[PDB]
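One chain comes next, on its own, written out as structure tokens in the form described as "open conformation" in its entry title.
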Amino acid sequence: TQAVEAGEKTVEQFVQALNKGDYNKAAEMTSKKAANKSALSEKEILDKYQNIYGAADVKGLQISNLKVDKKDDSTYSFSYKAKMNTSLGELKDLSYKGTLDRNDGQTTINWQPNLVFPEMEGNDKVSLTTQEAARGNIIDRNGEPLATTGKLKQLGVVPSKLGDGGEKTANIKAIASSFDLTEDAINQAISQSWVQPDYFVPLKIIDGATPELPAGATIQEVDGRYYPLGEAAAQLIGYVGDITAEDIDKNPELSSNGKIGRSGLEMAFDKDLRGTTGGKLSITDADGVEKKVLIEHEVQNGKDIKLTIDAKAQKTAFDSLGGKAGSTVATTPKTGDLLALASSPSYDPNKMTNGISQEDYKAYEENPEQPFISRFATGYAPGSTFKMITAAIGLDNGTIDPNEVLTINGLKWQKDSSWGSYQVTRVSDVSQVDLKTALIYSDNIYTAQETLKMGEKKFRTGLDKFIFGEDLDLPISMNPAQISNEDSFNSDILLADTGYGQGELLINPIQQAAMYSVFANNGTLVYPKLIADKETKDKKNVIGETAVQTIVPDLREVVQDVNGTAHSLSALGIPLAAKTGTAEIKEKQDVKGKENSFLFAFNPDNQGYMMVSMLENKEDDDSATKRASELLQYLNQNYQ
């Protein structure tokens, strides 16, 4: 039985070498080539595994039910069930049988071709045929396409039909001026190592009407992924790229010739969008005639995915950011439907999924405003908009009397001389401040005072009824919101700062839209939703109904009052409740101070829509309120 344990060990090491793809190591565990021993030499066994297991993309061979006996004094039979992963799926329940030779001090495998695949004999061949699945589409709430498979016009040149000397330079300048491209780019394209005189050299995808073609220029239709909104939804949707050898090594079921989601929803939903490869893996005789079919199924195209996004809201939201850094989230707050998820500045996903130069990609990655960031999913201090939450909490626990007026002198305030040089700042020197006035003028000193009055314990109790620490069920990569770094502030300054929305608070715009939905649902928090078919999850009694009915009329005043911070929106002539906010950011690496500008707005009559917008590191005189009118008109007309 000592020899039986050595034989079982030898089978286990053989299988492990096969599973790790070290075919030579497995081949070195086989006995000499004979008719009663091994059927091939070690190099020929190596080549057989490399050839066949590489053709089928075999990966992850694992065994079970291993039994090892004794058939003679030097021969021991073995058998086991096995499964493996291939480019066509899982090969389950394979019955392997063989023999081992103990013809010295070591035990070897009598290798036969039936330890590649069970039903293989002699010089049998393996055949793999595949049919590629078509990638599913991503569509908006009304069926409008966000990511589709379309026909594209590939502009290119043939260096032979271009010219020899003089006519070549004239036609290059003509094809460069007619399609807006560098003449050095066209020359560098036709002068790369892969090019031959008569080859078609691709230059650019044309996404419109095709102009007149100079000599040498030509258009050819190619099928590929297409993004109709382009940069307006690039961070949300993402792009696809060519599948690499390393992608196939990680997952054999990918098409070794198709596309893979590289970021965004294309990547989060890659499995359902890509479908499954069809075809057949079969063993054939030495003269190509099929003996056994190992795996076979028809192709399954990708399922379509339907979002809550409104394509026109998404485009308007993005365009309103005018290429500056910022984001906009629009929802229907009673169901949580995400109508728009805009991030700016952005990148061209069509340019990304086709041909992208290294210079253009480096311009994207080295842009200080970082267009690759999904700003709607990045944590920010929410800014002084957060006053609403602090007020609601203070109204629920009786700390805040809506009519009690604090007396505030000046633009700076601090609790005690213990704060040193730090002071809470406000913009408007209003002397008599009650809650309504603090909301209309966005008074941080009022909020700081009331937060310190409430105290850390009552404040955290109110905050913990929200979604801090929770992971939202959304197919968007995202960290959970936090109140602060640790579970205590351990600082009156930090407590005050958090009160008006800028301490160690980190909340991304989607989590902000979730928290602010209590003002559209009488204190019920409605979790946001991106997939159209999903059910509406919510969370009841996050703040009191009395708090909502006290604060929303003041939020109407933020728009209607002549000194309200959102008064420029009263031009719209629509029922509006809004709150503006700012946040000052200045870390150790920052030159001077940078400001973020925020806007929150919703319809207080029907609660049909809600919007949170932010401008990051705003230019002087810019604000999110300045940019919101167009989206608000659209939402108010189409979402009652």
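In this text, residue numbers run from 1 along the sequence as written. Only the largest set of C-alpha atoms that superpose within 1.5 Å between the two forms is called the rigid core.
The same protein also exists as the form described as "closed conformation" in its entry title; that form is not shown, yet it is the one meant from here on.
Superposing the two forms on their core leaves just one of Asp464, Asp471, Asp73, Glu366 with a Cα displacement of at least 2 Å between the shown form and the other one, namely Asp73. Core-superposed comparison between the shown form and the other one: CA of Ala27 displaced by 2 Å or more. Core-superposed comparison between the shown form and the other one: the Cα of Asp319 travels less than 2 Å.
With the core superposed, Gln607 shows a C-alpha displacement below 2 Å between the shown form and the other one. Relative to what is shown, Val157 and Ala363 are farther apart in the other form; their C-alpha atoms differ in spacing by at least 3 Å. Legend note: Cα of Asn257 to Cα of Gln50 is at least 3 Å closer in the other form than in the depicted form.
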